[PDB]
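Pasted below: model04.cif, mmCIF, C-alpha atoms and all ligand atoms.
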```
data_work
#
loop_
_atom_site.label_atom_id
_atom_site.label_comp_id
_atom_site.auth_asym_id
_atom_site.auth_seq_id
_atom_site.Cartn_x
_atom_site.Cartn_y
_atom_site.Cartn_z
CA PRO J 1 0.00 0.00 0.00
CA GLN J 2 0.78 3.73 0.06
CA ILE J 3 0.61 5.52 3.41
CA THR J 4 0.30 9.29 3.53
CA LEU J 5 1.65 11.16 6.55
CA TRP J 6 -1.22 13.50 7.43
CA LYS J 7 -1.64 11.27 10.52
CA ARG J 8 0.73 8.99 12.38
CA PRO J 9 1.59 5.92 10.20
CA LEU J 10 0.14 3.38 12.63
CA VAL J 11 -0.42 -0.22 11.55
CA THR J 12 -1.38 -3.51 13.14
CA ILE J 13 1.46 -5.93 13.89
CA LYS J 14 1.58 -9.45 15.32
CA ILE J 15 4.35 -10.41 17.73
CA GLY J 16 4.59 -13.10 20.39
CA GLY J 17 1.08 -14.20 19.50
CA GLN J 18 -0.34 -10.74 20.21
CA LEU J 19 -1.74 -8.00 17.98
CA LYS J 20 -0.59 -4.44 18.62
CA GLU J 21 -0.52 -1.02 16.96
CA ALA J 22 2.88 0.32 15.90
CA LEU J 23 4.42 3.25 14.04
CA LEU J 24 6.24 2.75 10.74
CA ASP J 25 9.24 4.86 11.72
CA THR J 26 11.99 5.68 9.24
CA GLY J 27 13.75 7.61 12.01
CA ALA J 28 14.40 4.52 14.13
CA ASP J 29 17.39 2.31 13.32
CA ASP J 30 15.79 -0.56 15.22
CA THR J 31 12.42 -1.64 16.55
CA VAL J 32 11.16 -0.74 20.03
CA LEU J 33 8.02 -2.25 21.54
CA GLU J 34 6.09 -1.49 24.70
CA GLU J 35 6.73 -3.63 27.77
CA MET J 36 5.78 -7.25 27.10
CA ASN J 37 6.84 -10.52 28.71
CA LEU J 38 8.49 -12.24 25.75
CA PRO J 39 10.04 -15.69 26.21
CA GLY J 40 13.73 -16.25 25.63
CA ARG J 41 17.09 -14.73 26.46
CA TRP J 42 17.86 -11.04 26.04
CA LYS J 43 20.62 -8.47 26.47
CA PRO J 44 20.29 -5.12 28.27
CA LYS J 45 20.64 -1.97 26.20
CA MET J 46 20.21 1.79 26.53
CA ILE J 47 18.69 3.76 23.66
CA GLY J 48 18.58 7.54 23.36
CA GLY J 49 16.24 10.05 21.81
CA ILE J 50 14.58 13.35 22.55
CA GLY J 51 14.53 13.67 26.33
CA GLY J 52 17.33 11.19 27.09
CA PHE J 53 17.66 7.43 27.31
CA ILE J 54 15.47 4.50 28.33
CA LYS J 55 16.57 1.00 29.36
CA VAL J 56 15.40 -1.82 27.10
CA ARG J 57 15.77 -5.58 26.73
CA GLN J 58 17.16 -6.66 23.35
CA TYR J 59 15.66 -9.83 21.87
CA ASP J 60 17.05 -11.34 18.66
CA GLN J 61 15.37 -13.23 15.81
CA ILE J 62 11.85 -12.27 16.84
CA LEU J 63 9.14 -12.97 14.27
CA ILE J 64 6.88 -9.99 13.53
CA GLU J 65 4.09 -9.68 10.98
CA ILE J 66 3.40 -6.15 9.72
CA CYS J 67 0.29 -5.68 7.57
CA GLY J 68 0.52 -9.31 6.53
CA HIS J 69 4.21 -8.96 5.62
CA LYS J 70 6.41 -11.28 7.66
CA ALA J 71 9.75 -10.17 9.10
CA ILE J 72 12.23 -11.43 11.68
CA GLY J 73 14.91 -9.49 13.50
CA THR J 74 15.91 -7.60 16.60
CA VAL J 75 13.21 -6.22 18.90
CA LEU J 76 13.97 -3.91 21.84
CA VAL J 77 11.42 -4.11 24.67
CA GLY J 78 11.02 -1.40 27.28
CA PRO J 79 9.05 1.55 28.63
CA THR J 80 8.57 3.25 25.28
CA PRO J 81 5.43 5.43 25.01
CA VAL J 82 4.76 4.00 21.51
CA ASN J 83 5.42 0.81 19.56
CA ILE J 84 8.04 1.66 16.91
CA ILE J 85 8.79 -0.38 13.79
CA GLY J 86 12.31 0.61 12.75
CA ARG J 87 14.40 0.27 9.63
CA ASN J 88 15.71 -3.19 10.58
CA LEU J 89 12.19 -4.53 9.91
CA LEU J 90 10.91 -1.93 7.42
CA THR J 91 13.54 -3.02 4.90
CA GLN J 92 12.27 -6.59 5.22
CA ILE J 93 8.66 -5.74 4.32
CA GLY J 94 9.72 -3.67 1.31
CA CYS J 95 9.05 -0.21 2.74
CA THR J 96 10.36 2.89 0.96
CA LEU J 97 9.98 6.65 1.25
CA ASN J 98 8.79 8.39 -1.91
CA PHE J 99 8.47 12.03 -2.94
CA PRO F 1 13.16 10.01 -5.35
CA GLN F 2 12.51 6.51 -3.99
CA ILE F 3 14.55 6.03 -0.81
CA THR F 4 15.37 2.61 0.61
CA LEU F 5 15.85 2.15 4.35
CA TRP F 6 18.95 -0.06 4.57
CA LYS F 7 20.71 3.19 5.57
CA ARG F 8 19.45 6.16 7.55
CA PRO F 9 17.32 8.42 5.26
CA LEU F 10 19.59 11.44 5.62
CA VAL F 11 19.15 14.44 3.33
CA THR F 12 20.59 17.92 2.94
CA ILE F 13 18.30 20.74 4.04
CA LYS F 14 18.57 24.51 3.64
CA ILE F 15 17.19 26.70 6.42
CA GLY F 16 18.00 30.32 7.20
CA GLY F 17 20.54 30.26 4.38
CA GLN F 18 22.51 27.40 5.97
CA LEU F 19 22.89 23.90 4.58
CA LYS F 20 22.49 21.10 7.12
CA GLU F 21 21.92 17.34 7.20
CA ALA F 22 18.67 15.99 8.61
CA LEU F 23 16.87 12.67 9.07
CA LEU F 24 13.55 11.98 7.36
CA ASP F 25 11.59 10.73 10.37
CA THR F 26 8.10 9.36 9.80
CA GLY F 27 7.79 8.66 13.54
CA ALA F 28 8.08 12.39 14.34
CA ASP F 29 4.96 14.55 14.32
CA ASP F 30 7.16 17.66 14.36
CA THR F 31 10.46 18.90 12.94
CA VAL F 32 13.20 19.44 15.53
CA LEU F 33 16.67 20.79 14.75
CA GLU F 34 19.77 21.10 16.91
CA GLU F 35 20.64 24.45 18.48
CA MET F 36 21.15 27.14 15.85
CA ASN F 37 20.58 30.83 15.21
CA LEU F 38 17.41 31.30 13.17
CA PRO F 39 16.02 34.58 11.82
CA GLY F 40 12.55 34.86 13.32
CA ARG F 41 10.50 35.41 16.45
CA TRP F 42 9.91 32.33 18.58
CA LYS F 43 7.82 30.97 21.45
CA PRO F 44 8.86 28.56 24.24
CA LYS F 45 7.43 25.08 23.71
CA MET F 46 7.83 21.59 25.16
CA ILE F 47 8.05 18.38 23.15
CA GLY F 48 8.24 14.77 24.32
CA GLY F 49 10.28 11.93 22.86
CA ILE F 50 11.32 8.43 23.80
CA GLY F 51 13.24 9.63 26.85
CA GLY F 52 11.08 12.44 28.17
CA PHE F 53 10.43 16.11 27.50
CA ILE F 54 12.66 18.98 26.42
CA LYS F 55 12.30 22.74 26.05
CA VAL F 56 12.44 24.04 22.47
CA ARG F 57 12.14 27.33 20.62
CA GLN F 58 9.18 27.22 18.22
CA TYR F 59 9.61 29.09 14.92
CA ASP F 60 6.44 29.35 12.85
CA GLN F 61 6.18 29.69 9.05
CA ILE F 62 9.88 29.14 8.40
CA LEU F 63 11.18 28.56 4.88
CA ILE F 64 13.02 25.23 4.65
CA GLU F 65 14.11 23.28 1.56
CA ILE F 66 14.46 19.49 1.82
CA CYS F 67 16.36 17.63 -0.90
CA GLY F 68 15.31 20.30 -3.37
CA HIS F 69 11.68 20.51 -2.20
CA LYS F 70 10.38 23.72 -0.66
CA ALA F 71 8.39 23.80 2.57
CA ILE F 72 7.17 26.57 4.87
CA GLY F 73 6.22 25.46 8.35
CA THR F 74 6.98 25.08 12.01
CA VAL F 75 10.53 24.25 13.09
CA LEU F 76 11.43 23.44 16.70
CA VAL F 77 14.98 24.21 17.83
CA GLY F 78 16.50 22.57 20.88
CA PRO F 79 18.57 19.74 22.36
CA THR F 80 17.47 16.95 20.02
CA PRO F 81 20.14 14.26 19.48
CA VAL F 82 19.72 14.52 15.68
CA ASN F 83 18.17 16.93 13.17
CA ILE F 84 14.83 15.32 12.25
CA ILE F 85 12.29 16.22 9.57
CA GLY F 86 8.85 15.26 10.88
CA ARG F 87 5.47 14.77 9.31
CA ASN F 88 4.50 18.46 9.38
CA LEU F 89 7.08 19.02 6.63
CA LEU F 90 7.14 15.54 5.07
CA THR F 91 3.52 16.12 4.01
CA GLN F 92 4.51 19.42 2.34
CA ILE F 93 7.06 17.72 0.08
CA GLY F 94 4.66 14.95 -0.86
CA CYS F 95 6.41 12.20 1.07
CA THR F 96 4.65 8.85 1.44
CA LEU F 97 5.50 5.41 2.78
CA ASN F 98 5.15 2.58 0.26
CA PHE F 99 5.48 -1.19 0.55
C1 LIG J 101 17.75 9.52 17.01
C2 LIG J 101 16.59 9.97 16.09
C3 LIG J 101 15.15 9.86 16.68
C4 LIG J 101 14.86 10.74 17.92
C5 LIG J 101 15.12 12.23 17.68
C6 LIG J 101 14.83 8.37 16.99
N1 LIG J 101 13.49 8.09 17.54
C7 LIG J 101 12.42 7.71 16.60
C8 LIG J 101 11.49 8.92 16.32
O1 LIG J 101 10.64 8.67 15.20
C9 LIG J 101 10.58 9.26 17.51
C10 LIG J 101 9.52 8.16 17.77
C11 LIG J 101 8.62 8.49 18.93
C12 LIG J 101 9.11 8.44 20.24
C13 LIG J 101 8.28 8.75 21.32
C14 LIG J 101 6.95 9.11 21.11
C15 LIG J 101 6.45 9.17 19.80
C16 LIG J 101 7.29 8.86 18.73
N2 LIG J 101 9.90 10.53 17.32
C17 LIG J 101 10.14 11.63 18.07
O2 LIG J 101 10.92 11.72 19.00
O3 LIG J 101 9.37 12.65 17.59
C18 LIG J 101 9.33 13.87 18.36
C19 LIG J 101 9.21 15.04 17.41
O4 LIG J 101 7.86 14.98 16.94
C20 LIG J 101 7.02 14.53 18.03
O5 LIG J 101 6.14 13.51 17.63
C21 LIG J 101 6.49 12.25 18.27
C22 LIG J 101 7.37 12.59 19.47
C23 LIG J 101 7.98 13.95 19.12
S1 LIG J 101 13.44 7.34 19.05
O6 LIG J 101 12.05 6.91 19.27
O7 LIG J 101 14.12 8.24 19.98
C24 LIG J 101 14.47 5.86 18.86
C25 LIG J 101 13.93 4.69 18.34
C26 LIG J 101 14.77 3.58 18.19
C27 LIG J 101 16.10 3.70 18.56
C28 LIG J 101 16.62 4.88 19.09
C29 LIG J 101 15.80 5.98 19.23
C30 LIG J 101 18.09 4.75 19.44
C31 LIG J 101 18.45 3.30 19.08
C32 LIG J 101 17.17 2.63 18.51
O8 LIG J 101 17.32 2.22 17.14
#
```
Hey, can you dump this file as structure tokens for me?
Ligand SMILES: CCC(CC)CN(C[C@@H](O)[C@H](Cc1ccccc1)NC(=O)O[C@H]1CO[C@H]2OCC[C@H]21)S(=O)(=O)c1ccc2c(c1)CC[C@@H]2O
Amino acid sequence: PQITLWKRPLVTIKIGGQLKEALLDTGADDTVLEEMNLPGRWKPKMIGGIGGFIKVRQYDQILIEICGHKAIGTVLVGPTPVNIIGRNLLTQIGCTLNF
Amino acid sequence: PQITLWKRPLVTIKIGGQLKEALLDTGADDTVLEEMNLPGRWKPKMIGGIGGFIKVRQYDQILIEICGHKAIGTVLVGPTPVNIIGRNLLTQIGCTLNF
């Protein structure tokens, strides 16, 4: 599809057997999801943006479906105010910017 | 152009007569630039990001050119980690997400 940017580019995703709403975010290198109790091992990480840093848990090789497009990669889980789909997964679903 | 996301979508912008680099950021409602001198009156504003809230200077109706495309809109100036072009200006240059 083609998504205009009048409003936030929010889409439904499926991760860990749950459906959630997430932003298609070209400004995020990687993907950051709201606190969830995912199974498996993880590594601690600190990620910075406007306002400072938050602490997140880094999970690898996590399967995510975005608008029916499957992808698998790194997911950072922590107290983010929004679910963020970053470039590491946007490349996998074929997402481009166009103007 | 069509821009892939295997690298950060960085572009050259012109604002206040100065060339800068900025990130095309679909996850940003607003455009926020690092500290700079801008010709124009301004108003104190707050904006929130992944790590909390910061104070910014809000410049309304500012001329800004993005990868050769002209926009006139609001630009926030303050301690952002990176110059970001948000949806308020992405819509002006006709930018869409496509997959
Ligand atoms: C560094 C560039 C940029 C931040 C300037 C990176 N962000 C992504 C960017 O889209 C954020 C997304 C967002 C965060 C919170 C709430 C809503 C939307 N928008 C943003 O702050 O927007 C500002 C201006 O407009 C306003 O509307 C929305 C909020 C206000 S991030 O979220 O900080 C991030 C993500 C992953 C990762 C990192 C950092 C580091 C490692 C990891 O890869």
**Request:** Using only C-alpha atoms, find the residues of chain F whose closest atom to chain J is at most 6 Å away, then write them as a PyMOL selection string.
**Result:** chain F and resi 1-5+25-27+49-54+80+87+91+94-99
Taking all atoms of ligand LIG 101 (chain J) that the file lists, what box with edges along x, y and z, padded by 4 Å per side, do you get, with centre and edge lengths in Å to one decimal, as JSON?
```
{"center_x": 12.3, "center_y": 8.6, "center_z": 18.3, "size_x": 20.3, "size_y": 20.8, "size_z": 14.1}
```
**Atomic distance atom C1 of ligand LIG 101 (chain J) - CA of residue 83 (chain F), expressed in Å with one decimal** = 8.4 Å
**Asked** Using all atoms listed in the file, which residue out of J:18, J:37, J:12, J:31 lies closest to ligand LIG 101 (chain J)?
**Response**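 Residue with the minimum atom-to-atom distance to ligand LIG 101 (chain J): J:31.
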**Prompt:** Looking at all atoms listed in the file, which of F:30, F:60, F:41, F:71 is the one that sits closest to ligand LIG 101 (chain J)?
**Reply:** F:30
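Taking CA of residue 66 (chain F) and CA of residue 14 (chain F) as endpoints, the distance between them is 6.7 Å.
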**Request:** Give me, please, the distance in Å between CA of residue 16 (chain F) and atom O6 of ligand LIG 101 (chain J), quoted to one decimal.
**Result:** 27.0 Å
**Of the listed residues F:72, F:64, F:33, F:19, that which approaches ligand LIG 101 (chain J) most closely, counting all atoms listed in the file** =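 Of all the options, F:33 lies closest to ligand LIG 101 (chain J).
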**Message:** Taking only C-alpha atoms and all ligand atoms into account, name the residue in F:17, F:44, F:78, F:68 that is nearest to ligand LIG 101 (chain J).
**Reply:**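 Closest candidate: F:78.
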Generate N, CA, C and O atoms for region 47-60 of chain F and emit them as a PDB file, in the frame of the given file.
```
ATOM      1  N   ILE F  47       8.353  19.551  23.963  1.00  0.00           N
ATOM      2  CA  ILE F  47       8.050  18.380  23.150  1.00  0.00           C
ATOM      3  C   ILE F  47       8.594  17.146  23.865  1.00  0.00           C
ATOM      4  O   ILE F  47       9.626  17.192  24.542  1.00  0.00           O
ATOM      5  N   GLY F  48       7.895  16.034  23.680  1.00  0.00           N
ATOM      6  CA  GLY F  48       8.240  14.770  24.320  1.00  0.00           C
ATOM      7  C   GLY F  48       8.728  13.758  23.297  1.00  0.00           C
ATOM      8  O   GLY F  48       8.179  13.660  22.195  1.00  0.00           O
ATOM      9  N   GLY F  49       9.764  13.010  23.676  1.00  0.00           N
ATOM     10  CA  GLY F  49      10.280  11.930  22.860  1.00  0.00           C
ATOM     11  C   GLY F  49      10.389  10.643  23.635  1.00  0.00           C
ATOM     12  O   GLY F  49       9.705  10.469  24.647  1.00  0.00           O
ATOM     13  N   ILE F  50      11.253   9.741  23.176  1.00  0.00           N
ATOM     14  CA  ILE F  50      11.320   8.430  23.800  1.00  0.00           C
ATOM     15  C   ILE F  50      11.803   8.526  25.241  1.00  0.00           C
ATOM     16  O   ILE F  50      11.451   7.689  26.081  1.00  0.00           O
ATOM     17  N   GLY F  51      12.577   9.559  25.566  1.00  0.00           N
ATOM     18  CA  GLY F  51      13.240   9.630  26.850  1.00  0.00           C
ATOM     19  C   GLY F  51      12.683  10.668  27.799  1.00  0.00           C
ATOM     20  O   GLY F  51      13.151  10.801  28.939  1.00  0.00           O
ATOM     21  N   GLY F  52      11.680  11.412  27.341  1.00  0.00           N
ATOM     22  CA  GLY F  52      11.080  12.440  28.170  1.00  0.00           C
ATOM     23  C   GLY F  52      10.872  13.718  27.398  1.00  0.00           C
ATOM     24  O   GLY F  52      10.806  13.694  26.168  1.00  0.00           O
ATOM     25  N   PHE F  53      10.789  14.842  28.100  1.00  0.00           N
ATOM     26  CA  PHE F  53      10.430  16.110  27.500  1.00  0.00           C
ATOM     27  C   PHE F  53      11.578  17.102  27.549  1.00  0.00           C
ATOM     28  O   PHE F  53      12.370  17.116  28.497  1.00  0.00           O
ATOM     29  N   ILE F  54      11.639  17.953  26.526  1.00  0.00           N
ATOM     30  CA  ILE F  54      12.660  18.980  26.420  1.00  0.00           C
ATOM     31  C   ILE F  54      11.993  20.314  26.093  1.00  0.00           C
ATOM     32  O   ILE F  54      10.886  20.371  25.549  1.00  0.00           O
ATOM     33  N   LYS F  55      12.697  21.393  26.433  1.00  0.00           N
ATOM     34  CA  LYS F  55      12.300  22.740  26.050  1.00  0.00           C
ATOM     35  C   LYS F  55      12.852  23.064  24.667  1.00  0.00           C
ATOM     36  O   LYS F  55      14.028  22.810  24.392  1.00  0.00           O
ATOM     37  N   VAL F  56      12.016  23.648  23.807  1.00  0.00           N
ATOM     38  CA  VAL F  56      12.440  24.040  22.470  1.00  0.00           C
ATOM     39  C   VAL F  56      11.954  25.450  22.181  1.00  0.00           C
ATOM     40  O   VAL F  56      11.061  25.977  22.847  1.00  0.00           O
ATOM     41  N   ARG F  57      12.585  26.066  21.183  1.00  0.00           N
ATOM     42  CA  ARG F  57      12.140  27.330  20.620  1.00  0.00           C
ATOM     43  C   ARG F  57      11.332  27.013  19.367  1.00  0.00           C
ATOM     44  O   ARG F  57      11.817  26.314  18.469  1.00  0.00           O
ATOM     45  N   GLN F  58      10.091  27.494  19.326  1.00  0.00           N
ATOM     46  CA  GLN F  58       9.180  27.220  18.220  1.00  0.00           C
ATOM     47  C   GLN F  58       9.184  28.387  17.236  1.00  0.00           C
ATOM     48  O   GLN F  58       8.782  29.503  17.586  1.00  0.00           O
ATOM     49  N   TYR F  59       9.610  28.116  16.005  1.00  0.00           N
ATOM     50  CA  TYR F  59       9.610  29.090  14.920  1.00  0.00           C
ATOM     51  C   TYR F  59       8.509  28.718  13.938  1.00  0.00           C
ATOM     52  O   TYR F  59       8.554  27.638  13.339  1.00  0.00           O
ATOM     53  N   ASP F  60       7.544  29.612  13.754  1.00  0.00           N
ATOM     54  CA  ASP F  60       6.440  29.350  12.850  1.00  0.00           C
ATOM     55  C   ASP F  60       6.728  29.899  11.455  1.00  0.00           C
ATOM     56  O   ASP F  60       7.449  30.891  11.296  1.00  0.00           O
TER      57      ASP F  60
END
```
